[PDB]
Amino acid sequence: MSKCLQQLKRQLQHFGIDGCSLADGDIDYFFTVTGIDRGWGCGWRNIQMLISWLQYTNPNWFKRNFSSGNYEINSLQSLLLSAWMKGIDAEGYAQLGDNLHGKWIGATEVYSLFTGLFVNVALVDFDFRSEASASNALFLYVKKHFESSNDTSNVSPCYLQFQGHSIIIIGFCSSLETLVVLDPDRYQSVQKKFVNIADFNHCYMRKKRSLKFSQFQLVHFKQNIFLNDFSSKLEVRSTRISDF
């Protein structure tokens, strides 16, 4: 689904869901297919969505990195290996020699790949004893991330990781205190007409009670989106938010 922020804004207005702040620019939706890349493709599909956001917001960066406009998963395997070979992620050598096809990837690989593309990546680690506290801190940070009063084009989507699954956060809904998300493992519940608000919510909204995890990893791009060199970003350094 191409340019899915324009249509999603219309659906939010149609269902009367107020208080939504979404990422700037636009984004394409990428999804896994059951019996093909379902169960390991989610992280790769989420990287594809983040690439599409960069594509809409800086075409020059996109032309420079994807000369044929091709960022299929095979292109991403080259970029991930390239980042490891350039010294990004101190522990990246531990995955040299693996098959990159079929490989589950996480926030560290998301950081490594985009850092190798000279993208300025922020990584936030939510690590709590209390499950309620973890979602409280996460939801507040994400809510503040998407809040913007001035006309900007640098509010990026977020990659959210929990328990091996990952999704893209494209906004926050303050009337419901829910994440607005693009989940690559829920293609079956998108490719049809939404008539009831309940089906829309199950697809695009994540309440705190739907994310009963005590650990989250969050990746997004910074206000200064692009780097001149990643020599200072070789080590994966996250900011840790915790109650212990």
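When you see a residue number, it is the position in the sequence shown, counting from 1.
- Message: Averaging CA B factors per stretch from the PDB record, which one is higher: 162 to 170 or 87 to 95?
- Response: Stretch with the greater average CA B-factor: 87 to 95.
message: Comparing average C-alpha B factors as deposited, tell me which of 194 to 202 and 176 to 184 sits higher.
response: Per the deposited B-factors, the answer is 194 to 202.
* To do: For the C-alpha B-factor as written in the entry, point me to the maximum among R45, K207, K212, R64.
  => Answer, based on the entry's C-alpha B-factors: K212.
* Asked: Which is it among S149, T115, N74, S135: the one with the largest CA B-factor in the entry?
  -> The C-alpha B-factor peaks, among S149, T115, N74, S135, at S149.
- Message: Using only modelled residues of the chain, where does the Cα B factor of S21 rank: lowest third, middle third or highest third?
- Response: Its C-alpha B-factor, which the entry lists for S21, ranks in the lowest third among residues of this chain.
Practice problem: Using the B-factor values recorded in the entry, state whether the Cα atom of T57 falls in the lowest, middle or highest third among the modelled residues of its chain. | Solution: For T57, whose C-alpha B-factor we compare with every modelled residue in the chain, the answer is the middle third.
Using only modelled residues of the chain, where does the Cα B factor of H101 rank: lowest third, middle third or highest third?
It belongs to the middle third of the chain when residues are ordered by C-alpha B-factor.
Comparing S130 with the other modelled residues of its chain, is its CA B-factor in the lowest, middle or highest third?
CA B-factor rank for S130: highest third.
Check: Based on the entry's values, in what third of the chain does the Cα temperature factor of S156 lie: lowest, middle or highest?
Finding: For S156, the deposited C-alpha B-factor lands in the lowest third.
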